[PDB]
Amino acid sequence: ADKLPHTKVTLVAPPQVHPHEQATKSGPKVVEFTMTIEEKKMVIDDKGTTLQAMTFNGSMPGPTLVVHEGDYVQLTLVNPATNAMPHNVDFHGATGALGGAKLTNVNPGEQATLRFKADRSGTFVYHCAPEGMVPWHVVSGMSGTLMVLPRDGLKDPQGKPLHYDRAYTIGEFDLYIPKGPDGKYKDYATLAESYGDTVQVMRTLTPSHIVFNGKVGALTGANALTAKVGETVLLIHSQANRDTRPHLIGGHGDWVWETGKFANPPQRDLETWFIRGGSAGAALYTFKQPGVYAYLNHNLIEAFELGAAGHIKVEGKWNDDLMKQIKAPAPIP
Amino acid sequence: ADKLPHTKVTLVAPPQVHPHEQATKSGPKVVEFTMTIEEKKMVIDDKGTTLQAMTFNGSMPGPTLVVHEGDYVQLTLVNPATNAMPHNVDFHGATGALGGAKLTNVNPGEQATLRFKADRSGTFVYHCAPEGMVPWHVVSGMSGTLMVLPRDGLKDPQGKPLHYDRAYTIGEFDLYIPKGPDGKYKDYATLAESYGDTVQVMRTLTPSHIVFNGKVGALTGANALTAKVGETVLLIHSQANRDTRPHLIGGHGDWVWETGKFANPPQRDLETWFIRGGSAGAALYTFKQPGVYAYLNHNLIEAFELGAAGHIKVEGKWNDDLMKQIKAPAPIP
Amino acid sequence: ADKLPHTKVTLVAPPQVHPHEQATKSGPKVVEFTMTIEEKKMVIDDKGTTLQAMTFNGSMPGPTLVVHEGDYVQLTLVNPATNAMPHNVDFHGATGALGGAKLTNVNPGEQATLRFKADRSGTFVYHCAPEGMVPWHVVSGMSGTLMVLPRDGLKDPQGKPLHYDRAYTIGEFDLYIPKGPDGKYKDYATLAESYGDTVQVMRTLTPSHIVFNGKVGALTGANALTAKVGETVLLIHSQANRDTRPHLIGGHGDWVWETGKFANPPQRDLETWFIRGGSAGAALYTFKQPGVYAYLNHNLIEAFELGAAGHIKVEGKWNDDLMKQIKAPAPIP
Ligand SMILES: [Cu+2]
Ligand SMILES: [Cu+2]
Ligand SMILES: [Cu+2]
Ligand SMILES: [Cu+2]
Ligand SMILES: [Cu+2]
Ligand SMILES: [Cu+2]
Ligand SMILES: [Zn+2]
Ligand SMILES: [Zn+2]
Ligand SMILES: [Zn+2]
């Protein structure tokens, strides 16, 4: 690893993923990243509810880091003095020392640099895990995805090549916002004051909200995902704490690695797939119809009532072969 | 599609499935179906609890529609003037326009006809999804299965032929019945009056009941499923809203497509499989022993306390090789 | 079966598994086991909470029984007169008579002997299932694993041999301990007195505790699992009632049968896998780094708050290639 070339990557905010190659002729590199932790109060719904949040790089989820199998990930993790809590990082893509958590314990005003070999292909959760407060830091927003692509790109069950033309990254967050005796959500002046009440809600195992990328409606309106008929999209879906069941309304998972590990053959033609709490999964879909799709958790209560739903706006020409309105709604004859 | 022969299918009520071929020499057809929506109050347990229900064809689940890969499904959806709500249909087996929901919005007194290409094999959920009230219509009973068989029938992982001699369809429904201050379930005079209280219960994510085919004990007693030793049964299991884990007590899933998509290899020898909320799965089993089996959700609280369990009564000759009582219960020597 | 040699196996307490061969030259045998039911009050957490528990062989989970495909399992099940309840056993690995439950109904002071053919490879749940009180007996602790190894040992997806050097068995138990009006957990003088209040908690679907092997911290401290760099461990994980998502922190599932059935190809490189309620799954991992790992349910609330977490202490030499601390935590420059 000390023999290898280094490259530095500039991360981009979700739902985008930083530019990268799929299949590559390049040999292994030490790939350098930096992330800066930001604790902040965030508004998470349409009625002004707040979360005392904790983030990698100021976003929920943290940005997606992309490397190739055999690369080394070298992350500089910075915890500014403006934060109140200690933090670290646990990469599910890494081997040893609790995913790196034991080697990256950073108090406010500190930083650390971790290297690990990305020797396994797939999408992998990374998350903060400070001793004694692991679930709180995770549910407050400290998670994201490391994608380790096979050096020769994605493959179908027969070993045929697969690709995407655009990648989107979706972090789904089960949130545990306490209420006061009046039945309204509590607003806390500081992160520390949210702790005890939040642990109580967590223990009920019932989320108050479940959101994609930090807020109800985050991936809707001006912020909807986009694509065009004929384009293949990769949808990366991470859930660091709780199970979810992604579904594309009007579409499918053409090829899905629901457990998120690319050396395994994908399943095809899925209506709904399953992302285990503590994992990231990946689905490919090639659009065949224009229009606005929903991409959601298909516990429809969790989607429509709690917030786990987004939109994809797709340009192109309608295909009557695939679907046709034979008779529009009209009075019963 | 406008070049193809049409066939008309008469649907049958669950747990049966309408007559159909598995492997077929027939070429693609436009296959015509009709369904009529019925809103109605239904008794869902042994103590007289009622649900303000919403159904396709008067049953929970709606009937199963069976076609072959490459067929076109052409459904006439009728919403009689006797109903209070608008409805539509979203086929997970279809491509575009939110599964067809955008093209089938029917007010009471209206009907519509949708065609789509069944270009993907598997069992697929269909459900109502009216804008702004999706989860309510789904949990109140508006879902069923479309089965798209491969034109050459089912195949094992080695591409060997598989078949069933009888098919049963099981819709599992997580119900959200409100209680009054006395702790008894509420009875509502109309469907609209159930709405607000039901949304409140839904948001708790805790079902009051979880039932197969519309009621506790629906598939028991005179209404138990039946088979004989040597017969292979297909068990189609749909859950449009919530995860379930089917299990056959005293049996197995000989071949299971838990994600329900037939172009993927099935798993064998399963004790319990997993149906993701928002999907239908399929299991084959060949009976080897006579007797009464239970078929249930193996969260045993959900099965025995909440209602997610049925029976299969199986005729035939007992096999001592497979199982033998060496010593009957007797005092400890 | 009446032609075959008999062998008698002495069971060992979890987390160990009794000595056995993987690949074997031996032909089919009738393999004889005995288990004795013990009802007892157990302390399940650090603050003195008790469970009115029910066990096979005095442990949660019951011991793991290991045979080979084609063997016959012959179990003598003893219910001493010191117990208050009737019991039986349902083997998911068996065919007929509700898994054997119908043939093993034992009142206190009775015993029975059941034989069945272990004709399917995999890890399979066994559990008590007395008519009318199935979920209570299961959640109070009456479950364990039967492992049926293929006669030629484990195989990867290409049919290559796989093995483990040490096997551990983990039973995960969702517990439903009632509270009194003071908010403290209730202590019951007898098993029967716990029943009504416990059913009420069960029906909420919210566990008060979720524990590995009978208690918070059961697999920690002096009781941590152990291994060494270079050693391959099999981790058997059973959950007879509720879904879980195992994860090894700092490690992976090198080869995983999450549905637990060895005739299916395993998945590789898993971060987190899924054990369906009512099943046992199996994961292989070869340690590459020394240190203390956590093995946990990756709903991190369920793990850290409710108790579903253990430790593995691993001896050996650190590998800087796999992971290196480039810069230790230090002030931001
Ligand atoms: Cu943190
Ligand atoms: Cu983790
Ligand atoms: Cu409707
Ligand atoms: Cu849907
Ligand atoms: Cu028992
Ligand atoms: Cu069972
Ligand atoms: Zn204050
Ligand atoms: Zn009224
Ligand atoms: Zn008493």
Side-chain angles (χ1 to χ4, degrees), chain A residues 157 204-208 210 229 243-254 256 258 265-275 287-294 296-306 309 314 318-326 328-333, chain B residues 1 74 76 78-81 90 92-107 109-117 119-122 124-125 127 129 132 134-135 138-139 176 199 202-206 240-243 259-265 274 276-280:
Chain A
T204 72
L205 304 177
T206 307
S208 62
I210 307 169
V229 171
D243 303 328
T244 180
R245 54 214 59 75
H247 172 89
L248 181 62
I249 305 185
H252 290 89
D254 282 348
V256 183
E258 76 170 31
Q267 285 200 138
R268 52 171 298 151
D269 302 317
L270 301 194
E271 64 190 310
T272 303
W273 43 109
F274 192 63
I275 303 305
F287 289 98
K288 303 219 260 275
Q289 297 279 35
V292 188
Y293 293 69
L296 52 72
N297 168 345
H298 211 297
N299 180 314
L300 300 168
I301 305 163
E302 292 178 11
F304 286 98
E305 286 298 320
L306 304 192
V314 182
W318 184 264
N319 187 329
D320 261 359
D321 299 337
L322 286 168
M323 186 179 282
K324 193 177 170 181
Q325 187 182 60
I326 303 307
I332 294 160
Chain B
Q74 183 158 300
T76 298
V78 183
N79 187 9
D90 169 355
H92 290 186
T95 302
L98 307 177
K102 297 212 100 86
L103 301 174
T104 56
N105 288 302
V106 286
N107 290 315
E110 292 178 334
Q111 69 176 59
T113 307
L114 172 75
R115 190 187 75 203
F116 67 87
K117 195 179 192 169
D119 62 350
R120 298 163 188 267
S121 77
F124 293 86
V125 161
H127 64 84
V134 180
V138 174
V139 306
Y176 299 87
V199 168
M202 286 169 68
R203 293 178 61 90
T204 72
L205 304 177
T206 307
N241 193 62
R242 190 179 177 272
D243 303 328
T259 51
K261 308 301 166 281
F262 299 135
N264 303 295
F274 192 63
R276 293 140 192 68
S279 74

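Because only heavy atoms are used, hydrogens play no part in the values below, and waters and symmetry mates are left out as well, while side chains stay in. Chain naming here is simple, since letters A, B, ... match the order of the sequence lines and numbering starts at 1 in each.
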- prompt: Which bit of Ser208(A) is near chain B, if near means a heavy-atom gap under 4.5 Å: side chain, backbone, both or neither?
  reply: backbone
- prompt: Got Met323(A) and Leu114(B) here, is their nearest side-chain heavy-atom distance under 4.5 Å?
  reply: yes
message: By the definition side-chain hydrogen bond (donor to acceptor under 3.5 Å, both in side chains), identify the one residue from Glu271(A), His298(A), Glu258(A) that meets it with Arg276(B).
response: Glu258(A)
- request: Under 4.5 Å heavy-atom distance to chain A, tell me which part of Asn241(B) shows up: side chain, backbone, both or neither.
  value: both
- request: Please test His252(A) against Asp119(B) for side-chain contact (heavy atoms from CB on, under 4.5 Å), starting from the C-alpha separation and ending with a verdict.
  value: CA-CA 12 Å; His252(A) 290 89; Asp119(B) 62 350; 5.6 Å; no
- request: For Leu103(B) and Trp318(A), work out which heavy atoms get closest and say how close.
  value: CD1-CZ2, 4.3 Å
query: For the atom pair OG1 (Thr259(B)) and CG (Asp269(A)), what is the distance rounded to the nearest 0.5 Å?
result: 9.5 Å
task: Might you work through the side-chain contact (heavy atoms from CB on, under 4.5 Å) test for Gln267(A) and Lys261(B), ending with a clear yes or no?
output: CA-CA 8 Å; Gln267(A) 285 200 138; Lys261(B) 308 301 166 281; over 6 Å; no
- request: For chain B, find which of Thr204(A), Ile301(A), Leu248(A) contributes the most heavy-atom pairs closer than 4.5 angstrom.
  value: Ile301(A)
- prompt: Between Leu306(A) and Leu205(B), is any pair of side-chain heavy atoms under 4.5 Å apart?
  reply: yes
field: Contact summary for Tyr293(A) and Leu98(B), nearest pair of heavy atoms
entry: CA-CD2, 4.0 Å
statement: Cut-off 4.5 Å, heavy atoms of chain A, and the answer for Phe262(B) is neither
- line: Residues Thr95(B) and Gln289(A): closest non-hydrogen pair is O-NE2, 3.4 Å
- line: Counting heavy-atom pairs under 4.5 angstrom with chain A, the leader among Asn107(B), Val139(B), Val125(B), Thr206(B) is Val125(B)
- request: Between chain B and each of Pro333(A), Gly251(A), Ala303(A), count heavy-atom pairs under 4.5 Å; write down the option with the most.
  value: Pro333(A)
- prompt: Do you know which of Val256(A), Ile332(A), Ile249(A), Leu300(A) has the most heavy-atom pairs with chain B at a distance under 4.5 angstrom?
  reply: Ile332(A)
Parallel, tilted or perpendicular: rings of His92(B) and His247(A) (30°, 60°): tilted
- prompt: Does the side chain of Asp254(A) reach to within under 4.5 Å of the side chain of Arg120(B), using non-hydrogen atoms?
  reply: yes
field: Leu270(A) side chain near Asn264(B) side chain, heavy-atom distance below 4.5 Å
entry: yes
message: Has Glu305(A) got a side-chain atom pairing as donor or acceptor with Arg203(B)'s backbone, closer than 3.5 angstrom?
response: no
message: Rounded to the nearest 0.5 Å, what separates atom CG in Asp243(B) from atom OG1 in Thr244(A)?
response: 9.0 Å
message: Tell me which of these, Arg242(B), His127(B), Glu110(B), has more heavy-atom pairs under 4.5 Å with chain A than the rest.
response: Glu110(B)
query: Between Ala240(B) and chain A, which part of the residue has a heavy atom less than 4.5 Å away: side chain, backbone, both or neither?
result: backbone
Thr272(A) to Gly277(B) - nearest heavy-atom pair and separation: CG2-O, 3.4 Å
